[PDB]
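Asks: Starting off with a structure, shown below.
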Amino acid sequence: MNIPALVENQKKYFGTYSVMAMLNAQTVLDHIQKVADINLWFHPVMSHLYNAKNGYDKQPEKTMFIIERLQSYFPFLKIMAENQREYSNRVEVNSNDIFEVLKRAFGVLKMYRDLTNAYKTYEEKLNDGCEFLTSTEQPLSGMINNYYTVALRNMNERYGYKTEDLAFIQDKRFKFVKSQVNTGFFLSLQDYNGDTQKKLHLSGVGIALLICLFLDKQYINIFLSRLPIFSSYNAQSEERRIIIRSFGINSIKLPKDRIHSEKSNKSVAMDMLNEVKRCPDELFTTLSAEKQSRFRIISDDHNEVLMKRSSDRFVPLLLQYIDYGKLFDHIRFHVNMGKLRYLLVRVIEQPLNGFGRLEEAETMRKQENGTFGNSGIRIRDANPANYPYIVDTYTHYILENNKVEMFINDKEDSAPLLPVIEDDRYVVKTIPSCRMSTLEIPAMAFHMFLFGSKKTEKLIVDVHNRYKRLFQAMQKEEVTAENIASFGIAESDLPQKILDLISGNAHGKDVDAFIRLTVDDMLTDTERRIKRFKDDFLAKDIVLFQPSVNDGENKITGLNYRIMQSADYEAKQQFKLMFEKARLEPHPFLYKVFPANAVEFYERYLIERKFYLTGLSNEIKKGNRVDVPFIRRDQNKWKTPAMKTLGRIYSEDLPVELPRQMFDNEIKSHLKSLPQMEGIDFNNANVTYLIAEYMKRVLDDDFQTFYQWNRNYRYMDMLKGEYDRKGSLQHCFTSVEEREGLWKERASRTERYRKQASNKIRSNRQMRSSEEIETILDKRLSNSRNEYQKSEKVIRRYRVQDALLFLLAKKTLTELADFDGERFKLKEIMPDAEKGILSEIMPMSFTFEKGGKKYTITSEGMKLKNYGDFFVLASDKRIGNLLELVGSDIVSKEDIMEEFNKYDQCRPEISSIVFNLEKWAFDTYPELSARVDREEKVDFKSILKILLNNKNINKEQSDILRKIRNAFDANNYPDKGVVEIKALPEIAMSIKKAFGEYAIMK
RNA sequence: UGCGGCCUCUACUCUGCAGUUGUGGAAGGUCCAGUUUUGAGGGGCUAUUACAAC
RNA sequence: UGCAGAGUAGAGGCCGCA
Ligand SMILES: [Mg+2]
């Protein structure tokens, strides 16, 4: 078999990127080894899989972890492993599949790495009909070809390509006989490669595709651009972009190294502006492919970026804005600062929660001595000596369940509140002063913008102090219908139990009703499950029915729960014994069950459950009170609330739940005073409405234009009632005005929809009752309607959130850079903005910490839209070693980007210099030709040795050549002192020049 | 070779759920509707945030 | 990470028709 001509003609590029490919693979395998505490197919992680399929599994938990992460870091492995299963019958992918795919991929990658990085070696593996070809290479070519079929299908989903745009590939890959691979196709992944046996091998394009599975997207683009693989399509063609996208769609995801940026007022401003240019995710799903495409932008460094919001970062951004701005004197937000682990066999975790400004808390979290706060306990990064320790995590705000928790300090400039640790075991936390809904944060921001943060803060603190005064009075039993108004809290902001208590209507929930209802519901479900079966459930239910004693200390604990859920005469005994050991105050029915298999056990469990619940129902029907179940009459839920007891729980035990519409009255009073707001009826004006009116009437602004684009919703499809030829519902894209009108007419339109839809269901014989169909449609319309309504409500919220970020960011930058804003407007903001604030040029400075060092990257002038460049540079593996060479931790952004592009151009030229050196050595010394012919491994290292001994090179020169060559293979810079260098951006160029000169002979 | 129906398998996207006990439904989630394109309001349901103890 | 539903795309088997 001959090496493909593409490979032979582009050897320097295949050489470079094959090396990069194999290093990237090792990196992933190494990472998995570390995290899971245990010739790349002999790697510990790969050995594990090899043995996992064959022998009895000693840790299935580890096997399954390895298989899950391998598929995370190598996304193509999902497709190839699924094809390997089918190839082989079991339903699911097994360690053998994963092992076989990767053994072959690695084997062929290694082969081509060796051929392309060596002037001459005699490769036995290329001999026609050999073991390597028959067992590894030829199977892989077929696998790769089948992989690509699916990759092209994924292109439709990922980038919204249509059949017409992919047909230039999809229609021409295979040729029909009676089916066959069209080896004449320009992008054919298989060829005969002059094999006399006439078996399909990987083609050159095939080898390029294999390599690109193991590259980053940036390097896929650099690599493929140097190959003539695009027939006649030109640099700017859509076809070229399709080809390149197809070669990256499922490529390696590398584990990313830790970065910690220093934040500032300016940085937070810029984080907010770069957030508002992105599409909200709830909006993006509703948009046509055309308009979704408008968020796919090309960066400065010619990289495609999807400008879409991962998540709603409005609230954290606002908290950073307040902290770094030092805008609240007394309020501090709830931060987590890691976890305490102690050994006490299980390990127990406790979160290290506290309150302070994110910066100040972070300064306290990690001492110079590497201990936490004032604790003494080591921050790490079955041995009792290793415990206790604290998991290393950067201070972040706690934001769960749509809440923001706070602590109110009496005095200004208070220190961070970190938890005390006791007995190296207990983390003594603080109940937050109060808790606010994340939905309240827009109005707070608006209040802050209109009045100032200090006035905003005074209002939060005053509201908090009113609730406290109320709860104190409850504890003295001094709250009446007569005096409730004096506490200054509106009825709609008081708990219902207080309102019940003052009205003389205090009651618990009715236990008897609840038990009667629960028993009936559960009996019905039991029969549903019995029927479904004849036609973690069990672990949850077994514990549900386990009686509690001694504050619940008797019930099944975490580890034993996991074992129970996961869990021949002896085998039967063993299974029964488990429930004896778990002491199942007994489970009410389980003992009746006691068999041969899980399936028998589930059936018997359900029958016995049915008999138990029937008994209970029958006793309820006799009017009897029963008590056996998991409902517990002594819980306060079921008792009447008392003023004094509830007063104490509200004051001492819980945070104050702050009300919604805290800031409304003050916002409205302000706006009423402005003459621009003269028209507005403030009796029908919510804060979402008023934000929009403010920016249109006071600021001559409007929301981003992408909130006006047409949107798709299934429910609106159903209401529009338009069908294709075959009779499927059409996907409409409506305007808001259209949907307003459909919604008004939803009753009529739903009637029509159901009539037609029912008729279409009846066509199928499998489904044949009438009421069966009515239920199917009921659920169809409810679910769809609910999805639509929620989506539209949330998008409206994103609009005003963006208004607020824009306003705050603009305020920061106006005062800071001394730039000329005032003219800038949210309506101008767009993902690729060519005008307005995002296009303004400003000096910038980005400071970050990586691998225990602290660096700064500057710009004397930079468009605000490009602020994301800094993270791309900081993330780069080379940044560390490069700045070691520069001899400064402070550097220009432009210089580093130029350096990195020049490095990228030098790397293949290094490969070429090596090649020509090896060639010289082979031409001079004929001993090596013999060593090749008798199949002996010659390396660069070997050639250097011959050059050294026969006095062509000296040790110094040998060491330099070796070290530079190694640095480039690593995709990194060499250590300081190896070679004399120039300044940025010519460091890589100067290293290349040295290598070139040290590779000339004596 | 084209078209229609039925069955099986695979992929992608979107929505819902996950130690024990206690406390808490002014908040959050969800459901209903002659409600909202103004996270506003009404009615039902529900321990989700947190903290203590194991 | 395990489980359920809906929409979309693709492949295989069977039948009828041109
Ligand atoms: Mg309200």
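Residues 1 to 38, 48 to 97, 104 to 193, 201 to 366, 379 to 415, 424 to 577, 604 to 635, 644 to 660, 667 to 676, 681 to 854, 857 to 1090, numbered by the entry's author numbering, are exactly what the first sequence covers, in order.
Note that CB positions come from ideal geometry on N, CA and C, so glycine has one too.
Once the 5 residues before and after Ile244 are set aside, which same chain residues still bring their CB inside 8 Å of it?
Replies: Answer for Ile244: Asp992, listed in chain order.
Asks: Which class does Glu779 belong to by DSSP, given the choice of helix, strand or coil?
Replies: Reduced to three states, the DSSP call for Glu779 is helix.
Asks: Is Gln747 near ligand 1 - that is, is its Cβ less than 6 Å away from at least one heavy atom of it?
Replies: Flag set: Cβ of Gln747 near ligand 1.
Asks: Whole angstroms are fine: how far does the CA of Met20 sit from the CA of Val54?
Replies: Roughly 20 Å between the two C-alpha positions.
Asks: Alpha carbon to alpha carbon, what distance is there between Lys445 and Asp767?
Replies: Cα-Cα distance, rounded: 31 Å.
Asks: Do the region 263-283 and the region 932-949 touch if we need at least three Cβ pairs shorter than 8 Å?
Replies: Output reads yes: the region 932-949 touches the region 263-283.
Asks: Please classify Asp112 as buried or exposed, where buried requires at least 16 neighbouring CB atoms within 10 angstroms.
Replies: That one is buried.
Asks: Which residues bound the beta strand (DSSP E) around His356?
Replies: First-last of the beta strand (DSSP E) with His356: 353-364.
Asks: Check whether the Cβ atoms of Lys951 and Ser927 lie closer than 7 Å to each other.
Replies: Yes, Cβ-Cβ distance for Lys951 and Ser927 is below 7 Å.
Asks: Nearest CA to the CA of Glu694: which residue from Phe613, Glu743, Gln202?
Replies: It is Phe613.
Asks: Could you tell me the alpha carbon to alpha carbon distance between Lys12 and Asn1004, rounded to whole angstroms?
Replies: Using only the alpha carbons, I get a separation of about 11 Å.
Asks: Following the continuous beta strand (DSSP E) through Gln384, name the residue where it begins and the one where it ends.
Replies: Here the beta strand (DSSP E) through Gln384 covers 382-389.
Asks: Between which residues of its own chain and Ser273 is the CB-CB distance below 8 Å, once the five residues before and five after are set aside?
Replies: Excluding sequence neighbours, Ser273 sits near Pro84, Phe85, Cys234, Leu235, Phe236, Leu237, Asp238, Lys239, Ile242.
Asks: State the Cα-Cα distance for the pair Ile440 and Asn358, rounded to the nearest angstrom.
Replies: Roughly 6 Å between the two C-alpha positions.
Asks: Alpha carbon to alpha carbon, how far is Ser963 from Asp30? Give it in angstroms, no decimals.
Replies: Rounded to whole angstroms, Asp30 to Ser963 spans 19 Å at the Cα level.
Asks: According to DSSP, simplified to helix, strand and coil, what is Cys476?
Replies: Looking at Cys476 - three-state DSSP - the assignment turns out to be strand.
Asks: Could you please give the first and the last residue of the uninterrupted beta strand (DSSP E) stretch that includes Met950?
Replies: Looking at the DSSP string, the run of the beta strand (DSSP E) that includes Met950 is 941-951.
Asks: What are the start and end residues of the beta strand (DSSP E) that includes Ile432?
Replies: Start and end: 431-433.
Asks: With a threshold of 8 Å, are at least 3 pairs of Cβ atoms found where one atom belongs to the region 956-975 and the other to the region 1062-1080?
Replies: Short answer: they touch.
Asks: Kindly indicate which residue of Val381, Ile353, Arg848 has the alpha-carbon position closest to the one of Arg477.
Replies: Considering only alpha carbons, the answer is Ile353.
Asks: Determine, using beta carbons only, whether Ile984 and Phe1056 come nearer to each other than 7 Å.
Replies: Not a contact, by the Cβ cut-off of 7 Å.
Asks: For a quick check, are the C-beta atoms of residue 1104 and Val888 less than 7 Å apart?
Replies: Absent from the model: residue 1104. The displayed extent of the chain is 1 to 1090, so no value can be given.
Asks: Could you say which of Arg800, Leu757, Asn770 lies nearest to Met781 if we only look at CA atoms?
Replies: Checked all of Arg800, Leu757, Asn770; the closest Cα to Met781 is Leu757.
Asks: Compute the Euclidean distance between the alpha carbons of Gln762 and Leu460, then round it to the nearest angstrom.
Replies: Going by the C-alpha atoms only, they are around 48 Å apart.
Asks: Among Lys497, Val714, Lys696, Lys608, which has the Cα closest to the Cα of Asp567?
Replies: Selected option, being the one with the closest Cα: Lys696.
Asks: When the distance is taken between beta carbons, is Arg995 closer than 7 Å to residue 680?
Replies: Within the chain, the sequence of modelled residues goes 676 then 681, so residue 680 has no position in this structure.
Asks: So, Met22 versus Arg128, is the Cβ gap smaller than 7 Å?
Replies: Going by C-beta atoms, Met22 is nearer than 7 Å to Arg128.
Asks: Please name the residue, chosen from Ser495, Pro302, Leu249, that lies closest to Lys348 on a Cα-to-Cα basis.
Replies: For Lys348, the nearest C-alpha among the options comes from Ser495.
Asks: Just to confirm the assignment, what range does the alpha helix (DSSP H) spanning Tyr1086 have?
Replies: First-last of the alpha helix (DSSP H) with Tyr1086: 1075-1086.
Asks: Determine, using beta carbons only, whether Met486 and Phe749 come nearer to each other than 7 Å.
Replies: Yes, Cβ-Cβ distance for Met486 and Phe749 is below 7 Å.
Asks: Going residue by residue through the region 711-743, where are the continuous alpha helix (DSSP H) segments of at least 4 residues, counting only ones entirely within it?
Replies: 729-734, all fully within the region 711-743.
Asks: Going straight from the alpha carbon of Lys193 to that of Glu107, what length do you get?
Replies: Whole-angstrom Cα-Cα distance: 33 Å.
Asks: Could you give the first and the last residue of the continuous beta strand (DSSP E) run that contains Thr935?
Replies: First-last of the beta strand (DSSP E) with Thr935: 929-938.
Asks: Output the boundary residues of the beta strand (DSSP E) element that contains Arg318.
Replies: Unbroken beta strand (DSSP E) run through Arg318: 318-320.
Asks: Do the region 290-307 and the region 205-225 touch if we need at least three Cβ pairs shorter than 8 Å?
Replies: These segments do not touch.
Asks: When the Cα of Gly709 is compared with those of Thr149, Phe716, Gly701, which residue comes out closest?
Replies: Looking at the Cα atoms, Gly701 is the closest of the given residues.
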